[PDB]
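Chains as they are written, first to last, in PDB author numbering: chain Y, 79 to 155; chain W, 2 to 214; chain L, 429 to 526; chain A, 2 to 527; chain Z, 465 to 541; chain C, 2 to 112; chain F, 19 to 240; chain X, 421 to 538. From the three backbone atoms N, C-alpha and C, an ideal C-beta is built for every residue, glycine too. In what follows, a single structure is set out as structure tokens and then discussed.
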Ligand SMILES: Nc1ncnc2c1ncn2[C@@H]1O[C@H](COP(=O)(O)OP(=O)(O)O)[C@@H](O)[C@H]1O
Ligand SMILES: Nc1ncnc2c1ncn2[C@@H]1O[C@H](COP(=O)(O)OP(=O)(O)O)[C@@H](O)[C@H]1O
Ligand SMILES: Nc1ncnc2c1ncn2[C@@H]1O[C@H](COP(=O)(O)OP(=O)(O)O)[C@@H](O)[C@H]1O
Ligand SMILES: Nc1ncnc2c1ncn2[C@@H]1O[C@H](COP(=O)(O)OP(=O)(O)O)[C@@H](O)[C@H]1O
Ligand SMILES: Nc1ncnc2c1ncn2[C@@H]1O[C@H](COP(=O)(O)OP(=O)(O)O)[C@@H](O)[C@H]1O
Ligand SMILES: [Mg+2]
Ligand SMILES: [Mg+2]
Ligand SMILES: [Mg+2]
Ligand SMILES: [Mg+2]
């Protein structure tokens, strides 16, 4: 929020972190690192010639898998 | 990669982003500049500074008070701003120690620069500094002495503390005189801490020893 | 054990550099006087301090050189705290000045 | 008062005068900037720099050489200029130590800044530094070892020194390979120190391991047109004659006649003069003729008809190297052939390197000259390989001159610091403090060597300091695993000349920079 | 950030997680010896992690789905 | 720009193909009106009042001041036809431009 | 023990990443001119000198690249043009790809020295592997020579004329070398004379001599 | 002589992946990186040909694993095949020098840690 960005993708990342803060109030730095990493890997996938939408769909699928696995390994307090 | 040294710049015209070594560089040089500024006013033989403001009035001040000196300077380094605010907070909490705290912070940051040069993480440094702060707090508390019970010994401690506070300042010329003043002025409050109660009228003329309570 | 010992030693050096500067400002052998003081406080003379009239070491209890515990404790804690917060910084992102 | 901060300014518009503290400030920050710049190239694990000059050509270099780095930077601090000149002088004297002297001077000035902050006069510091330099010189000289007598042990020292010099450079990939080259290249000189004799040809393409040391000699010149291309049992005349419309040195001479017939007769006489010159040459009984100057069409034709290979436009360097490698005499007069010594080589052929043809002299007679063919993937790689080879060859020449060696890997610096410490703890006063700072800088050299690899510099320098205090005068850094070891066994040895020059030049430049209390700049021309 | 080698530490803790089924094995940032976060009392909220994953994936999707930009680009004041 | 850092502009893909076709088409439309017994002549004024009337396609494309390389190619084509044959300098330009047009249509279809 | 080396400086890593990014940008810029289905690039010099080409060395040398790593890739392609005269695009793409891989390696926290040495190991193993794959050939095997020339030409604008320029390109080399003793070829022995006009179907292999210098006599041409 | 159509790059990628699996340590990761990096030339050939690079390169890896080391990208048929039937051959020196020079330049570039403006 304090960062003076002019790149619209940096603005999207600012909005992402603010969204994590609104919904949760923690994780505001993990979300940005994780999204950056996902795009960094999409970079190699696009280099190999995959359609960016296929990348987005594989990411959605894997995200569903990870969410259910979190529900699975979760603990209660 | 990096935020600034990237093929695309991600910032508005006029912004900037100092990274790891450059950030510690600016921080340490600014803090150490502030500290080297405010020292030489430290101790009985400390000398004063001139605060020749450049405003349309060109206010002129001659001070040995670290809080005033730091308040009245145009700082642009953020770490220097941190130290400035720290001295202001010292002046608010108690009325002394603004130069001792400023010099101490600056020397700690100098030593931290040295340690970072030794290829040490500033987390191991902050951890060790917290441990050292604990040890120092206990040593201080253990060495502290209390004499508020004995009324005469308390009067002696009050006179000695007032003398030690005025020793560094321009009043060390007539320290004893002003020492008595300050002590009486604080004893006339009868336990109250209201310093707004103590009015000080500054009348031009006469010698500094003509001052009285 | 470890590099935390080194950072503790640096903390100690800064604490020592405070009276060093106090002595420098008068024109005395800051190194000599702070060395004498360090040796005394290692010996157990917890009241050894600078006598700035003649430029020697003396008994603060006798000379009447005492400070408010409030003041010295606040000095220590605020200085260490500000140094901590300044040391945690690894990036300075400034915004376009107004 | 003061020169600048006086009610009246005494200077022309644009000049200035930095006083005591401001002068030492600029000096120390400039020198320490230079030093922190040139380090990180120090040691086996040192990394290269890019010299992206901003000129109209924008030359590009990738170097680990401290001398080149400092030469190729626009410096404006005068103390930095002093350190730059110091590194240049190191590069001139010997071929190594250009980064070590700079880092050492910078560390000495850092410690001197610390000491001046301690309220020490910058005279007492220099006094202690002179005493420490004396002690260090004696410790170094006493630890040095000489093996030039035993030929095999001397070969071992040469191989080890070349390896230590190339360890820091881009050739450490194929160190052993280039080590052999460098050693052979200096041994072909047979005691001579002429490094101009060692020619280095940089041919783009191929790997750096395709580089080799030609058993004979290579020349990047051309053979004539109708002249042979291969010659066995070649007898060679090396010359510096005209053979190019060679005119009688009488300059007022002019052909002034009344008939074109006489002009033609005089032209024919000129040609007959050139022919008689060629015949005097051929009376030496030769098959190859190399001229420093050009060879025009008519003498080319004559040499071709005579069956002689006439190589033209070799340079002063080409003819000197040919004289050294073949045994011939550079000649400009041919009226006493019995006095002109010819060069001999079993074979002169034409060879391909990359996409270029070169004259190859094999079976040469003397060999006191060399040709190194450097192959590489990029011109920057080639230039850095030439610089590294020059370093190694210069050091091996300096060792052949003076076989004194001193162990490296921080052993030498730690030893000198140990001697300075012994001197310091017995000395009274602030000179002891300045000696201790001298020792700290000496110790900060191996500290940096270790840092550049990524090891616990503090831990390793502590181990080394303890070893050199115990009496294990050969303890040094083993940078393969990152431990301490015996430099005598690991083969990490340096030229005593180089290390002594490092010490002395660094201490001397730091001394001259420390004597300064005022910097008076004049209005820049620009 | 804790000075450990990323690949080494991560591969070791991954191998341990696979062998001894234990999704409480992670990075000893404080160097307490143990890799068991359930013992170190290192605790995150399930909704926190799930929201991190969901937000990162959704925003990465919206970013990969963009293939054209048209800024003012005027460099105005 | 950006990652490359080349000090120049870069067109890539359908953009540059469309540009090339536009350039060739421009050159062909210059001369299309001068083809056949019903074609008409052209004036050309040389920025100084020097006038040239002509129906010769090679002449027209020589006098023009062309900057695009895909159009310089067609000018050189007309010049080459004028050197080697002496007639057909307009038809050759028109045909080259039309081949470019249809071929770019095919390349858009991802042939 | 506890923590390792802090790496108080980040500019080295920034420099490594900038070099890798520049190299990958060059590689991905010329990736399109690789193979029989690869296309050409037009390059208009500052003076306006146009150049259409499919050659990687020419492409990189002609575009005035400015980043140091990209300059080094230009020199690399030139070195391949010298040593082999074929592969000037594949070599740049390979370099860019190795550097783009060094990106993620560095990210993992590996030292550049380890990366370089491991790359040397992989290089030695790959030289071994390619040598194993190869088959020997006799220079008398004209079919292999024709096929090599055709493969070399498949990538270039002269590929519809390959049927014509492959036999010429093999005859030319086979006329300037003794096939029994030759260990190399000097292509300055092969003169190329570019004359405008006609089509690429008019290219010729003249065993004798060709000169652009004019004849001075009028009436004596043959 | 070596086959073309990206066959040497694919064989190289595969066999160095195996070599990497044998070199357990941190050199293993770097050798696997070298392999996957060399796998980019076939991917590029496929992309430019107009095929699906991922599927094409996976088919190539699979067929080279079966043992047809002279298998490559037939842009005439549009897929994978024995490339010698299309007569796509190139000198071994080309591939060898490309590998050597690229590796040397990469090692040089990795030894750089600063840039100065002379
Ligand atoms: N004591 C700890 N030990 C190990 N990991 C921790 C500890 N505290 C926090 N972390 C990790 O650090 C990450 C960042 O947490 P934190 O910086 O507190 O907030 P944010 O997730 O918003 O950055 C979390 O993903 C968590 O897994
Ligand atoms: N007679 C004395 N002998 C020795 N030290 C003294 C004497 N009088 C004062 N001091 C020291 O001088 C210092 C004066 O500091 P001061 O300038 O008030 O610092 P600050 O502005 O930070 O409060 C005190 O820290 C005290 O220790
Ligand atoms: N195997 C090794 N072990 C320990 N130290 C080494 C080894 N190889 C070289 N060195 C040290 O590395 C240094 C290389 O320095 P160099 O970069 O040549 O400095 P300069 O450029 O000043 O000559 C030498 O001082 C030598 O002491
Ligand atoms: N009398 C005619 N009747 C029908 N067609 C003609 C006649 N004269 C010329 N044409 C056609 O017009 C085309 C172009 O002619 P013209 O424009 O004169 O030559 P160019 O194309 O070289 O400028 C020719 O291809 C020819 O077929
Ligand atoms: N007809 C073909 N079918 C399939 N692959 C081919 C054909 N012709 C060439 N190739 C392959 O395409 C590549 C073309 O590379 P090229 O662009 O010439 O590389 P460079 O420009 O680096 O020499 C060669 O590596 C070769 O293996
Ligand atoms: Mg006070
Ligand atoms: Mg060296
Ligand atoms: Mg017509
Ligand atoms: Mg080709």
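Can residue i and residue j be called in contact, C-beta distance under 9 Å?
i	j	result
residue 326 of chain A	residue 332 of chain A	no
residue 282 of chain A	residue 362 of chain A	no
residue 369 of chain A	residue 209 of chain A	no
residue 144 of chain F	residue 436 of chain X	yes
residue 203 of chain A	residue 14 of chain A	no
residue 435 of chain A	residue 33 of chain A	no
residue 420 of chain A	residue 139 of chain A	yes
residue 523 of chain X	residue 137 of chain F	yes
residue 53 of chain F	residue 517 of chain X	no
residue 213 of chain A	residue 182 of chain A	yes
residue 107 of chain W	residue 194 of chain W	no
The beta strand (DSSP E) that contains residue i, what's its start and end?
i	result
residue 492 of chain X	491 to 494
residue 17 of chain A	17 to 19
residue 466 of chain X	No beta strand (DSSP E) holds residue 466 of chain X; the alpha helix (DSSP H) holding it covers 460 to 469.
residue 129 of chain A	Looking at the DSSP string, residue 129 of chain A is not in any beta strand (DSSP E); the run it does join, the alpha helix (DSSP H), is 125 to 144.
residue 372 of chain A	371 to 377
residue 5 of chain A	Residue 5 of chain A -> no beta strand (DSSP E), and no H or E assigned at all.
Are there any heavy atoms of ligand 3 lying less than 8 Å away from the beta-carbon of residue i, as far as the coordinates show?
i	result
residue 503 of chain A	yes
residue 495 of chain A	yes
Reducing DSSP to helix, strand and coil, say where residue i ends up.
i	result
residue 442 of chain A	helix
residue 65 of chain A	coil
residue 449 of chain X	helix
residue 213 of chain A	strand
residue 500 of chain Z	strand
residue 24 of chain F	coil
Could you check where the alpha helix (DSSP H) with residue i kicks off and where it finishes?
i	result
residue 21 of chain C	15 to 32
residue 458 of chain A	458 to 471
residue 42 of chain F	29 to 48
Name the chain W residues that come within less than 7 Å of residue i, Cβ to Cβ?
i	result
residue 490 of chain Z	Within 7 Å Cβ-Cβ: nothing; residue 490 of chain Z doesn't reach chain W, min ~18 Å.
Counting only Cβ pairs nearer than 8 Å, list the residues of chain F close to residue i.
i	result
residue 22 of chain C	Residues of chain F passing the Cβ test: none, with the nearest at roughly 14 Å.
Check the Cβ of residue i against every Cβ in chain Y and list those closer than 8 Å, keeping chain order.
i	result
residue 472 of chain X	127
What do you reckon, is the C-beta of residue i under 8 Å from a heavy atom of ligand 8?
i	result
residue 55 of chain C	no
Identify the contact partners of residue i in chain A, using a Cβ-Cβ distance below 9 Å as the criterion.
i	result
residue 96 of chain F	205, 206, 379, 380
Using a Cβ cut-off of 7 Å, pull out every chain A residue sitting near residue i, in sequence order please.
i	result
residue 93 of chain F	379, 380, 381
Who are the neighbours of residue i on chain F, taking C-beta pairs under 9 Å?
i	result
residue 483 of chain A	The premise fails here: residue 483 of chain A is roughly 11 Å from chain F at the closest Cβ pair, so nothing lies under 9 Å.
May I ask you to check if the CB of residue i is nearer than 8 Å to at least one heavy atom of ligand 5?
i	result
residue 53 of chain F	yes
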